[PDB]
Structure formats: structure tokens, C-alpha cells
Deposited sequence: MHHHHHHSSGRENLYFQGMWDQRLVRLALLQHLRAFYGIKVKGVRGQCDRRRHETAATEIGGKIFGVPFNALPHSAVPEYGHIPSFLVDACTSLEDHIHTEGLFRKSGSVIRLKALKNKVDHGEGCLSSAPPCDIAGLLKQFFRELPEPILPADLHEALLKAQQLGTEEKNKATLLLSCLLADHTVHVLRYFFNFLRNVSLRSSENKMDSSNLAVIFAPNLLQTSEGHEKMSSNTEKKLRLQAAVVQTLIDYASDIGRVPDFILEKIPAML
């Protein structure tokens, strides 16, 4: 995201926040699991930068199965936490990984904003949501661009695996946002929130390649370095 690097990020940030209010009214013990993801072993990944090695290796292992017991899952988690798997279990570990992060990778302060974005009209949800992703720390931006690319790829092959972006979002959203799951006795309010939280994640999947990417109408308002 070189082109946007030609602007003082400080100002880019101010301008994003200004547009979000003006235009939309949105005002803002082991080795792997539970560790802040920035503190984990990273691997240089091309066109994405440095991404945590667990993520890279989990996703890369599932690459070949995109078409496709918590006792057995837990054993693998422990082996991984201590330092080939069935694909099911890798997937299972990816969900647990995000759930167990000290802080949610989509930070809590953005959640309301993200949900608000998801009440806008179709065309404008997408825009707002993507503007919100540009508020993310750029390490996060790169980890998320990588992961959402992986997700997107699963989704694009749904004729086969049956997991479209809606289907994936429902599953991952609670793990990414670190929220509760759907249940039977849900209030009308609790459930609407769930759906919209999944909708956030679904948008992120569908527009994976545009995550963290500042639009020209933002940049246009500012002079560059």
C-alpha cells in the first residue's frame, strides 16, 4: 500500500475519521495461544509482509483442502502450544486462535462503528466498512488482509466446499470479534446484533483485497509528504 504511504498517516487518519462522521455519523502459558499475535514468531510472506507463522502454516496446510472430537482437537492444540493434521482440526485451531487472543484482532472500539456501518444502505455499507479497516494498526491490517484473502479463497470455491462468505462469517465472526454464539432463547436484539456482526465479517471476506486500502477521495483532500 505504497501509494498511500506518500501521505502522512497521521493526517490520513484524521481525514478518515472526519469523513466517517461527516458522511455517515460514525464516530470513533504456552507458546502460541493467548500470546499477543505481534509477539509470536512471524514469517515474511510476500505481498502481505510479516505474518505470524502459525497463521501462515495453518492456512497453507488448508490450501490443499479448500474443496472439502474436541478431545482430539485439544491434543493437537496442546502439541501446537508446546511446539500433517486432519483439516477439520486445523480449521478448528484457527477459530480457537482468534478467540484466545488477549485482545480481539478487530478491536472492540471499532465494533459499534462496524455494526453502524452495517445498517447503511448496501452500497454504503461496503464503503464505510472498508474505511473502518483503514483505521486499523498497519500490522493488523496486514495480518487481516492475509487471513481474509484465505477466507475469500475458500468462499470463491463454494460450489464445492459449500462454505460461501455468509457461511464462513457466521462461523468466524464470534471468534474474530470475541463474542458469544447463537442460541435458541435469543432476544430479538441479541440475534440482530449477531447477524450484523457476521455481516461485518462477510463484507471483509467479499472485499478482502480492499482491506486497509484508503480511497482516493480521502487522499485527494490531503497533500502528500
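Where the deposited sequence has no C-alpha coordinates (positions from 1, in order): Model skips 1-13, 42-60, 101-108, 124-128, 271 of the deposited chain.
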